[PDB]
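Chemist: Just the structure for this:
(6 chains, ligands or ions: 2)
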Amino acid sequence: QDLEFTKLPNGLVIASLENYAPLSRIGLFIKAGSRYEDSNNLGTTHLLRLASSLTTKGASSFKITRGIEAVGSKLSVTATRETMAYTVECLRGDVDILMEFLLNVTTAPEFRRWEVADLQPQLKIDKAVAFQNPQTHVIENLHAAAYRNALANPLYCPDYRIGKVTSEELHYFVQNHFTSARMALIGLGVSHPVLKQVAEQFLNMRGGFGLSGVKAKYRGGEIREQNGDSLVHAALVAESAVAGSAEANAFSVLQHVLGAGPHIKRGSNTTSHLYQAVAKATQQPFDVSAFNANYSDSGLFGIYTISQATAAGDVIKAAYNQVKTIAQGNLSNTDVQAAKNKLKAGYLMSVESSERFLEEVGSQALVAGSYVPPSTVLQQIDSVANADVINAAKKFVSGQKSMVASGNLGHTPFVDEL
Amino acid sequence: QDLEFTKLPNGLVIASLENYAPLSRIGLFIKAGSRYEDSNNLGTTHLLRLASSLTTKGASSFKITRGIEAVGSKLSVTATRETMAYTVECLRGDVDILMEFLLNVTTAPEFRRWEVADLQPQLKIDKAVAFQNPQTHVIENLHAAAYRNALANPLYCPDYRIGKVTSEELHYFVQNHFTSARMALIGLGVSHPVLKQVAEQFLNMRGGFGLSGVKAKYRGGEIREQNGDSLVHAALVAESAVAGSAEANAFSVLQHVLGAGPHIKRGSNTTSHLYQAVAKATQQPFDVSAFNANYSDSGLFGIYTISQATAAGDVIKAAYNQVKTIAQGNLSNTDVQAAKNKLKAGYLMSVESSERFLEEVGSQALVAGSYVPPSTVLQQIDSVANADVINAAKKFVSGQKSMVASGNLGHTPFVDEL
Amino acid sequence: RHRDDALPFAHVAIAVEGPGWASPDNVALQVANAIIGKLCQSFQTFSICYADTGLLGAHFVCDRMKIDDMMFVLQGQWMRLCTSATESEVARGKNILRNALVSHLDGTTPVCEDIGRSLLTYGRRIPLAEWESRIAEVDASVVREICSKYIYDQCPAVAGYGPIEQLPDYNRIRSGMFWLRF
Amino acid sequence: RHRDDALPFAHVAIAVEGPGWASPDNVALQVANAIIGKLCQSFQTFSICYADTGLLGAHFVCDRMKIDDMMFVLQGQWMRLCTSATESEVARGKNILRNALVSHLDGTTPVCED
Amino acid sequence: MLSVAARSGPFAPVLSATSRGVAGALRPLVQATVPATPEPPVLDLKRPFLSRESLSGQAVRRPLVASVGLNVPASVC
Amino acid sequence: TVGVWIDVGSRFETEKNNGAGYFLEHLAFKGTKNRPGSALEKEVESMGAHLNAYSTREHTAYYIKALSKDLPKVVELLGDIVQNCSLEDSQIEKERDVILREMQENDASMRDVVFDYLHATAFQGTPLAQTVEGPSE
Ligand SMILES: CCCCCCCCCCCCCCCCCC(=O)OC[C@H](COP(=O)([O-])OCC(O)COP(=O)([O-])OC[C@@H](COC(=O)CCCCCCCCCCCCCCCCC)OC(=O)CCCCCCCCCCCCCCCCC)OC(=O)CCCCCCCCCCCCCCCCC
Ligand SMILES: CCCCCCCC/C=C\CCCCCCCC(=O)OC[C@H](COP(=O)(O)OCCN)OC(=O)CCCCCCC/C=C/CCCCCCCC
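Modeler: Numbering: from 1, shown residues only, chains lettered A, B, ... in the order given. Ligands and ions are numbered 1, 2, ... in the order given. Structure as follows:
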């Protein structure tokens, strides 16, 4: 039994799949995120994802909270820089009322002054728990360094803005970006007729497109953060390719040739070129790997390292040189085939669970007219050559770099001397 | 009656001048400062200048404080990135005991754990009052952007280091940098024999030179700080010339041609090229001027602007273009002569008061073998040509820029697009 | 008790003895747990099963000045369930438990793991239908009975780490396991 | 009294009437000032002279919960000087005043102005 | 012109730093009352990673996703 | 996913060998006679598969994630691991140093600390009081 894409007169996309699972999942996906903010209203979207249980024109906050609890269900919100998603989980037969709640949360929110002003101090706390893992703030800085305007904007609220996001800003953002032609509704555990009954409530919502935004412009930046930590984290990237491109597949295979992450518990990663290169430059604990992001109008590829403070310069260099040898065309059929194996297998494992499967389908529904089954993805992977991988490596080596580093930087190098 | 330079067998320099003033001033000057710190002991010198009344081997803290108060005198400490100075002011006849205090503060400090640990929380407060004026933190960032290692180090303690500067660090720094061959003692209101009696107590102190440090290396940096302020501050510089150089005189005259600061209360600054250029690009309140620093092994020259947030791009450009026209050799005898007038007059006014006169003499004593009287300075100014000024402008226009900006940067340009 | 007044926050764990893998009562207990789970940053309830025994209790983190209140609140909820439970909350707990059971078994790895653990502990795979039938039988009377059977007037095991000066004395904790008005 | 509970800190000024430019007493008063000038962030004493009158008093900034104590301390020092002064402190004040007078007249501008 | 003050003009008070020690006889300008910054949230201490086996897999391979739920902890990819 | 689950854990160890299972877990994937050294690791990584293990107060487990096409190899490897580990002295000493280093510094979360303390006080004088890792001694 298969998926069925469809588009309503409003431009809203709907799709569903009646897998005979005891738990039904419904996702509403929206083209919104931090890239549509500007310097005058930064942090709006963070508070927006936290505000997903304030009162609405259709149901009281108390009602929403207790009613969702009383059946055991959940309502999550997830964002990226480019998309936002509201997801509902429920047992079979619970749909209807939860769908009323979804509708009121997305199409008819109230942003009462006092509730917003009581919700503000939680931004600080949420950002703090996020910023306990060091990787997050490094990647945040990398986007700021890499881009001048749009993908640069932060996922978490700026500190100077906490306590000074207003109700009017929330209203304006929702009115200008939560529009029916930016939307898709996806249902697993649900028959198309039933999902049509659900989508029927969305027929009189805000129509057309919204404010389209600006295109991202590249920066050759560099950001350094000095702390006392004995371990230093570093990221070094260039610009690679757009989402859903053959060249992006080339870059993916390159990532998996260099090394994307571990496979054996407590292993030595003998298959990984970057790890084996670095292991000969330092004798204390390190970590290294390769990095890929892709967007609607840009993408980044590079390396990510963690090392002792006095060893950084040796590590970062040892990693970089490895990539260069591939650019010069030291690359082997055996490595390439193994990389494609890693990639096909990792992809198929990433979508065992319904949660991630729903995400993937919803991502496709916002950007393509038809669903691409995994077999087609596997073939597209199969179709990358060695020359494509070497060309990708040459692109990285030649193009203008961006860099971030955090720690005790007494021996970290500067981007100009790599 | 004239100054008398002299050097002891230790290498200590001493100079004095018996002006018949009721108030005597004595300064001890030292080659020390933040440029001799490294990433492992940042902030040491800040706490060092605040610790100038903790107990010593020769006198109790209570004794130092009350004894200085009981005669009405003062003991100041002043630093830069390259030098530190301890200065004493007193009525005639008070010298001897205050000189004992000076000796114990500089040659025999105790850094008792509990007193240091009670003194720590004042770093935060001092830095806060300093950082109320916005210019200070912008200039601090400019040095970080402009240099990789040494002149980059901050004058005020890093936040992550407050509460974690230790007594051992203070002891080590003093032992390795407060050395007799790095020192001069200067006295106004004091007869050379008396200043010899004073310097006699310094004969058995730490001898020779210390740790010499590292040479500063230039960075083509850029630092951006985003706030909500409606006014944006900006600085744009390049590398110019070393302290005490003919080329530095050229750069000074250039600064005064462009505009160094106001002369009439509530005036229009019709003589100022930068101000008149900018006044035609914006109709709301702005400020602009030219910027000079010089060091032992480097120097910076550039422009400094304050404007509305939406006008920044127009202001910064309008300023920059002005300099370029001088590089192309639109420069007039009349402007040059007027600039040299401003410069000679400003210099002579800067040394009316004994406080600044002492500073100037002490600065010379650390770097030259003989005192240079103002007449010689005025002649050196008189000796700059038009071609030197135009060459300096060309150096600025051609060389690699560094930039800092702070405010709401939605319209500020990036260093690459100027 | 391990005292260290330099750590930011106090960690605390308190259990009684649970019945083990084999007993039926586990189901009802889980429902109870779901009913219980502000003062402090973080809080949880737990059941840890072994072949013939187990631990049934709670874990939390507090600021050092708010340990006593939190212990009071927790033990009060226990006494409440033992003496005064009602149908409306029990229903909610049963629904939470249903959702948990079905949410866990998503993807091959958890399912494989469930097969292995089940064949070691139970001797047999227990299908979701049997779990649903077991859940449907619980009611407020069952909760009252079984909570009384394992929690009420029992001696607990306590562990604390941190700035734990304000963690109540053991006699004060033991006296909190029963009500004088009952 | 102008009340605004949104401002961070409280500002306060309290004077009595001073004698004016012409009187001799000014000198002694200045000494007193130097003797007086912790609780709060900032504090000062002042004398403001006119032809026939003047203001003699003090100014300070406090956190809102520490205004009362500070007023108590200030008025207590005043009463102390009126009733119980001693030679040792007076000497210190005279020296502070000497230093101020000679420090001010440095450079042409202040001298012209004087 | 070898002191900062004689050379730099109106930028001297930002190119130089000073602390006037025990209180003096005259009263300075720009007294500067201090509304200091508030304290951030307090958190548990960090664990070290002093082995390769503990650092293995910490390096980033893909950009991040931000998540929250009404009855689930907030999370980051 | 395919694995082997084993009815063994820390509550079957005596104070003389408390900590043996964790030791064995450290060098489970380090080589077999048929696949010396890193050959096993390289063959797992060339399939694109993942390999994991764990150890508990009462159970032990080793499993593999893979493509369904690879079942004959998977089981093969899985049988090679549980019958034919090469317990070489060099590897034993390397694991000894690693575990000691891993115990030296305070590399434990406070939650784990309090739960270990709870088991110790509740089940004192009984095998369940003892930890999976065991003492450093
Ligand atoms: C004199 C010499 C002096 C010097 C001597 C020197 C040496 C001294 C050394 C020793 C010093 C000791 C110091 C004191 C230590 C105190 C410790 C302590 O407080 O621990 C806190 C202890 C620790 O727990 P926690 O951590 O705080 O947790 C709190 C939880 O809520 C816990 O919840 P819980 O449910 O577990 O417990 C709550 C409940 C637990 O208690 C119960 O539920 C019942 C307990 C047993 C039954 C007692 C019933 C008494 C009823 C009143 C009298 C009538 C009796 C019948 C006759 C009717 C006549 C008409 O208790 C209460 O709620 C408190 C009140 C209980 C009685 C209810 C009546 C209240 C009104 C009293 C006045 C009535 C006057 C009119 C009477 C009628 C007309 C004549 O918890 C308590 O709350 C303990 C309660 C202690 C109550 C004592 C009551 C004594 C008064 C009785 C009545 C007297 C008047 C009689 C008049 C004549 C008619 C008969
Ligand atoms: C007159 C001559 C008598 C000579 C004989 C000896 C006299 C002295 C004997 C001891 C008297 C003690 C009186 C004080 C109460 C002591 C209570 C005690 O030790 O037990 C503590 C215990 C507290 O419980 P915890 O476990 O700590 O907390 C549980 C929380 N979930 O006390 C209790 O039981 C409190 C509840 C009330 C108990 C009854 C109090 C006394 C009154 C009861 C009878 C009422 C009628 C009185 C009529 C008097 C004549 C008009």
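Chemist: okay, now residue 171: neighbour count?
Modeler: You didn't say which chain, so I picked chain A. Counted with other Cβ atoms under 10 Å in any protein chain shown, the neighbours of residue A:171 add up to 13. C-beta coordinates here come from the backbone N, C-alpha and C atoms, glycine included.
Chemist: nope, chain C please
Modeler: 8.
Chemist: Tell me which helix or strand it sits in.
Modeler: Here residue C:171 sits within helix C:170-174, counting by DSSP states H and E.
Chemist: So is that helix next to ligand 2?
Modeler: No. Using Cβ under 6 Å from any ligand atom, helix C:170-174 stays clear of ligand 2, coming no nearer than 7.6 Å.
Chemist: Which residues does that helix contact?
Modeler: With Cβ atoms under 8 Å, 6 or more residues apart in numbering or on different chains as the test, helix C:170-174 has contacts from C:14, C:71, C:75, C:155-156, C:158.
Chemist: And for stretch A:403-411?
Modeler: By Cβ under 8 Å, 6+ apart, the residues outside stretch A:403-411 that reach it are A:134, A:137-138, A:141-142, A:145, A:221-237, A:309-313, A:412, A:415, A:418, B:38-40.
Chemist: Can you give me the buried ones in whichever helix or strand residue A:63 is part of?
Modeler: Per DSSP H and E, residue A:63 falls inside helix A:61-70. Judged by neighbour count using 16 or more other Cβ atoms under 10 Å in any protein chain shown, the buried positions of helix A:61-70 are A:64, A:67-68.
Chemist: And the residues you listed, which is closest to chain F?
Modeler: Closest approach between these and chain F, by Cβ to the nearest Cβ: residue A:68, at 28.5 Å.
Chemist: May I have the residues that are in contact with the closest residue to residue A:367 other than its chain neighbours?
Modeler: Closest residue to residue A:367 apart from its sequence neighbours, by Cβ to Cβ, 6 or more residues apart in numbering or on different chains: residue A:244 at 7.2 Å. Contacts for residue A:244 were tallied using Cβ under 8 Å, 6+ apart; they are A:294, A:367-368.
Chemist: is it true that residue A:209 lies in a strand?
Modeler: No. Assignment of residue A:209 by DSSP: H, G, I helix; E, B strand; the rest coil gives coil, placing it outside any strand.
Chemist: number of nearby residues for it?
Modeler: 12.
Chemist: Find the residue closest to it in space, skipping its chain neighbours.
Modeler: Leaving aside its sequence neighbours, residue A:209 sits nearest to residue A:181 (Cβ to Cβ, 6+ apart; 5.1 Å).
Chemist: And that neighbour, how close does it get to residue A:295?
Modeler: Distance, residue A:181 to residue A:295, using Cβ to Cβ, to the nearest Å: 20 Å.
Chemist: next one: residue A:215
Modeler: 11 Å.
Chemist: now do residue C:137
Modeler: From residue C:137 across to residue A:295, the span is 53 Å (Cβ to Cβ).
Chemist: What of residue A:62?
Modeler: According to Cβ to Cβ, residue A:62 and residue A:295 sit 40 Å apart.
Chemist: And for residue F:39?
Modeler: According to Cβ to Cβ, residue F:39 stands 41 Å off from residue A:295.
Chemist: do the same with residue F:15
Modeler: From residue F:15 to residue A:295 the distance is 58 Å (Cβ to Cβ).
Chemist: Have a look at these two and say which one is more surrounded.
Modeler: residue A:295 (19 against 10).
Chemist: that older thread, from the buried residues of helix A:61-70, list the ones also adjacent to chain E.
Modeler: residue A:68 (Cβ under 8 Å from any Cβ of the partner chain).
Chemist: Chain B: which of the buried residues of helix A:61-70 is nearest?
Modeler: Closest approach to chain B among the buried residues of helix A:61-70 (Cβ to the nearest Cβ): residue A:64, at 32.8 Å.
Chemist: shouldn't the closest one be in contact with residue A:53?
Modeler: Yes. Between residue A:64 and residue A:53 there is a contact under Cβ atoms under 8 Å: 5.5 Å.
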